[PDB]
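For reference, the chain that follows is the form deposited in one PDB entry, supplied as structure tokens.
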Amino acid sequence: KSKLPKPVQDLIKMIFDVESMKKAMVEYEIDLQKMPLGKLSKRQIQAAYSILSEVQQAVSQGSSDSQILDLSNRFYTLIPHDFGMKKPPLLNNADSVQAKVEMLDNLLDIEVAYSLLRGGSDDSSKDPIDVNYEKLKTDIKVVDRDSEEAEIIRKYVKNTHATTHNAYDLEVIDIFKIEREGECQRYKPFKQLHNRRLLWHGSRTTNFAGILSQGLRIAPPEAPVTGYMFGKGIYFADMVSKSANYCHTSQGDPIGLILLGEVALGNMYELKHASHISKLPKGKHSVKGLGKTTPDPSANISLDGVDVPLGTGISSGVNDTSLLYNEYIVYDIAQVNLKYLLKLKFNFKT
């Protein structure tokens, strides 16, 4: 039925916990009585995403309340909502839509874990976990907290944690040398570039499912342009906390998982002001966003090629930037490979 160490089990389930996946669709106010996990789909969410963009060009170009209104109505039709007896919010405030973008985004992954799990259960193998874990196509290699590799990972978390995120705290618990389904032959031609470094990348536990079926993806095409500060692409941080801030956990759930991986940054194009990048300047490969504080460069290990900014993040010279901390964004899925997949508690400050 099984064999995976306890920590692996406490994981394989979280990934397919069809229960939570519901409490999540609920959080976004969905009428789970017309839009259940069973009738989800990329191609549908995609239509949702597209409606959202036809609303960005709406306000911007200045559109008749009629048009603004129609749009908002279609969106709430192709994506049912359960408000109760309260007036359905408006979608013409940029902030309003962005809220929806975040929503539609966290959804994408969900459609996977289910449709991906709504089958494959026939050849009587082992306990439910094995039949799923197997389809992960990800050798969830195990790591020891008292050997070598992990030894370093310890340092990372501890230091890369911002002073402005003192609303909770971390506590290393599980390290697992995750290894995708041959994403190796993919990230190899992307060695031809300097700048190999391990950065974070947090998310919602309900998401870490498809993050393995076909790793970190970039906002599909139909996504709104002004949806991201540096455009549609994979985002990374050299500050654990900041990336943790993307786990979204409450007092009754101080236990989400994070991830660590290296990207082929090559020659990074660093901005200090928001820009919805479409094409990289010729010669450039990635984009860095200079924040007001940064892992002290004076100190930071490395090896095997990759680099690690694990120095008491101090204040950089940049002082006309909008960001508070750094950001790294590459625009080619094949320009990244996942190495380790942590997980720790968030014991807040209620």
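So that the term is clear: the rigid core is the largest set of C-alpha atoms that superpose within 1.5 Å between two forms. Residue numbers run from 1 along the displayed sequence.
(Q) One third of the other compared structures is the cut-off here: is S121 left unmodelled in that many or more? (A) yes, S121 frequently unmodelled elsewhere, at least a third of entries.
Q: Taking only the other compared entries that model residues on either side of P295, decide whether it is unmodelled in at least a third of them.
A: Across the other compared entries, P295 is absent from none.
Q. Which wins on mean Cα temperature factor, 70-78 or 129-137?
A. Mean C-alpha B-factor is greater for 129-137.
Q) Out of 41-49 and 305-313, which one has CA B-factors that are higher on average in the deposited record? A) Between 305-313 and 41-49, it is 305-313 that shows the higher mean C-alpha B-factor.
Q) When the CA B-factors of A167, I218, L193, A244 are compared as recorded in the entry, which is the largest? A) Highest C-alpha B-factor among the listed options: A167.
Q. Between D123, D95, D238, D105, which one tops the list for C-alpha B-factor in the PDB entry?
A. Going by the entry's C-alpha B-factors, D123 comes out highest.
(Q) Test of reading the entry: by CA B factor among the chain's modelled residues, which third contains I277? (A) Middle third by C-alpha B-factor.
Q) In terms of the CA temperature factor given in the entry, to which third of its chain does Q9 belong: lowest, middle or highest? A) Highest third of the chain for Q9's C-alpha B-factor.
Q. Compared with the other modelled residues in the chain, in which third is the CA B-factor of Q61?
A. Highest third, going by the recorded CA B-factors of the chain.
Q. Lowest, middle or highest third: where is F83 by Cα B-factor in its chain?
A. Its C-alpha B-factor belongs to the highest third of this chain's values.
Q: State the tercile, meaning the lowest, middle or highest third, of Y114 with respect to the CA B-factors recorded for its chain.
A: Highest third - that is where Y114 ends up once the chain's C-alpha B-factors are sorted.
Below, we refer to the form deposited in another entry, which is not included among the displayed structures.
Q: Overlay on the rigid core first, then point out the one of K126, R217, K158, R145 whose CA is displaced 2 Å or more between this form and the one not shown.
A: By this measure, the answer is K126.
Q | Rigid-core frame, C-alpha of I30, shift of 2 angstroms or more between this form and the one not shown | A | Yes, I30 moves 2 Å or more.
Q. Aligning on the rigid core, do we see the C-alpha of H81 shift 2 angstroms or more between this form and the one not shown?
A. Moves: yes, 2 Å or greater.
(Q) So that I can tell if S64 moves, could you say whether its C-alpha shifts by at least 2 Å between this form and the one not shown after the core superposition? (A) Yes, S64 moves 2 Å or more.
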